[PDB]
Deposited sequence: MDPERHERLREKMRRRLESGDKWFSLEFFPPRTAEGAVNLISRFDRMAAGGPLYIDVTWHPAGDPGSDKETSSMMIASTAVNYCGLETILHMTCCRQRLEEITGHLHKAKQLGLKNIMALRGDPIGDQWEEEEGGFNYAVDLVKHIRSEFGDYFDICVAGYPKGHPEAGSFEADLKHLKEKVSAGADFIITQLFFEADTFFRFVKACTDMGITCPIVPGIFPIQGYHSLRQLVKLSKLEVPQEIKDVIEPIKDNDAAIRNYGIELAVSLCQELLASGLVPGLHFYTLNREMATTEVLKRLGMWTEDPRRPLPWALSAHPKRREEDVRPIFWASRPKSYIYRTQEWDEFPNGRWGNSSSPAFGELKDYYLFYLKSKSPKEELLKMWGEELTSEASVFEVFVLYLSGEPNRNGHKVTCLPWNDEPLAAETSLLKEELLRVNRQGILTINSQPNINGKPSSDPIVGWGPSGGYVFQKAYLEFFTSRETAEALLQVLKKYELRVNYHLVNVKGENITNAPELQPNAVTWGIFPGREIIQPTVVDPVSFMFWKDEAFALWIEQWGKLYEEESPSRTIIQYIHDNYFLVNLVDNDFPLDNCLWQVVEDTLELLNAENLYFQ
């Protein structure tokens, strides 16, 4: 589409006449708050914001690597959520060495939009604008604050304008305003700027009333008075937050509609206070929320500036995209179009092998004690089925899979239960698909109006005895199935032709060239299996004492099982991988007449 500077996107929708919206957020003070905020990021991205924001305050150690910092929240938005992101930054109580350090760190992590702020008790925001330009040149897009009714500390309202003028002239690209109550206020302010010679975009900020706290909040945020009109309607319902928010919505809709109708406003900046409901309904009533949102690819896109060309990945990190980005982040270029057109996969320190969950919860799910390998088989079975284990606990994750199953796995639940129950322990799979509509709600992706294709895939740990039987069976399948077996020692075998990669998901779209975003690559597989095997020990086996029978079992599996991936090349035909497994079970059991 368009992978261009924010201010390039903005003047495009300008000329185009398309109105847009943005969302402002604040870094939470606890991890659980941080975790939930990122979930909201993902839910509200579906609306199509031009951009989102993360505020900045020095009481919150905002430049640090703490998970709750403005810097790490912004960085998550860009690198994991794929969003165009604006990092706010204030220069009250800061020296040159501090600010320059923060700017370098944001550049490394992929940020590329700064809002230059003074902050409240380097003396004025303009010093930060002029400084970003001299020290980083034009690398960053920069925006700056404006005040429709004048800044409080300013003497003349007229003088505040002249100041604004100078910081915009120092090197800013657009203005975001403080909240207001009457469209007419924005309008005069705009004509004051227009008459001053300020020529950049001025985005109005909108603050939705979302309950009773909103009144005290917006006066703290802005130092404006709340009008008796709003006050008189709200004080009768002072204790009914639900009813208040429908009035906030009516007010916001009416205001924005009077702004949008202006034509002198290109977009809308919402102060969300990290809450979803009210802001989404205001935008939907306006017609600015995306009607039929599509996932762009089967995996989520990064917004890092270096990584704009990537549109194909190996399938092996599908449940661990954070590990993939980490192991590839030193690369100079990324594959575009075909994988096989090659920098090495980087190695890893342990914090990526650790689980999120505490030890006591994992033990309740995976088992305080194991009595044999079959104890392990049932944990995978229960991960797939959803039923409770014999102590009453659902299995919500595996060392390889910390989220729930995608929708596509419902196409093959019973087949998967069958093989896990016989000791083929799966960690990745996908059904075959023969050109379903690209808008399909279970497997669709990419532009509307085209056709999506998948070859059936299966990946799994199994004992040496089973693998050895699998290889004999694979001879009848030599031309149809591609196969790769490897153990923790690195003994491996594969019929990948000249060790080339195999496309397994792809899409044909009207008016465009082909997109093949997922492949099975034998070279990548040999780096992936180093993690896959290590996760047995780092998340499961260490839950037990070194001399325990439960550890002996997990360690045994790690030292002996094979990792296996299988692809059925004949996507127009029924998935043949289930019959491959049944043929293996027969071969293993060929001397027992009770299974024939």
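Residues of the deposited sequence with no modelled C-alpha atom fall in the ranges 1 to 3, 125 to 135, 356 to 360.
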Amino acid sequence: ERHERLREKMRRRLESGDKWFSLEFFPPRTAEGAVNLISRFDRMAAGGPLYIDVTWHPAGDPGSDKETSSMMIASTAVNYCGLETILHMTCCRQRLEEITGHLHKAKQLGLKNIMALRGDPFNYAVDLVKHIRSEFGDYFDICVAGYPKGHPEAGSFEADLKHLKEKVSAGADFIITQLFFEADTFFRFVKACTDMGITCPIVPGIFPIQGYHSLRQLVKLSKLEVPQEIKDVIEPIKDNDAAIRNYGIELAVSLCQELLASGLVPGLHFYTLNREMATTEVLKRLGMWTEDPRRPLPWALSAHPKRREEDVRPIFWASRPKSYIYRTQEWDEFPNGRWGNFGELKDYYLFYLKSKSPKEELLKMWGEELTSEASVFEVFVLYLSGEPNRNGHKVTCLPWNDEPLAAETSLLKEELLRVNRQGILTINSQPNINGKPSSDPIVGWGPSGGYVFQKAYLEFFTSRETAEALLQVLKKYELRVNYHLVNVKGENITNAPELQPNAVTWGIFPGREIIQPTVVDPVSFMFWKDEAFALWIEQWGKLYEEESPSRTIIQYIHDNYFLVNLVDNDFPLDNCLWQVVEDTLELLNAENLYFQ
From here on, numbers count along this sequence of modelled residues.
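On average the C-alpha atoms of 6 to 14 have higher B-factors than those of the other stretch, with 6 to 14 and 19 to 27 being the two compared. Taking only CA atoms, the mean B-factor in the PDB entry is higher for 194 to 202 than for the other of 434 to 442 and 194 to 202.
For the set 394, 338, 346, 102, the PDB entry puts the maximum C-alpha B factor at 346. The entry assigns its greatest Cα B factor, within the set 368, 310, 239, 459, to 239. Compared with the other modelled residues of the chain, the Cα B-factor recorded for residue 317 ranks in the lowest third. Sorting the modelled residues of the chain by their CA temperature factor places residue 478 in the middle third. Among all modelled residues in this chain, the alpha-carbon of residue 156 has a temperature factor (C-alpha) in the highest third. Annotation for residue 377: CA B-factor lies in the lowest third of the chain's modelled residues. Among the modelled residues of its chain, residue 77 has a C-alpha B-factor that falls in the lowest third according to the deposited record.
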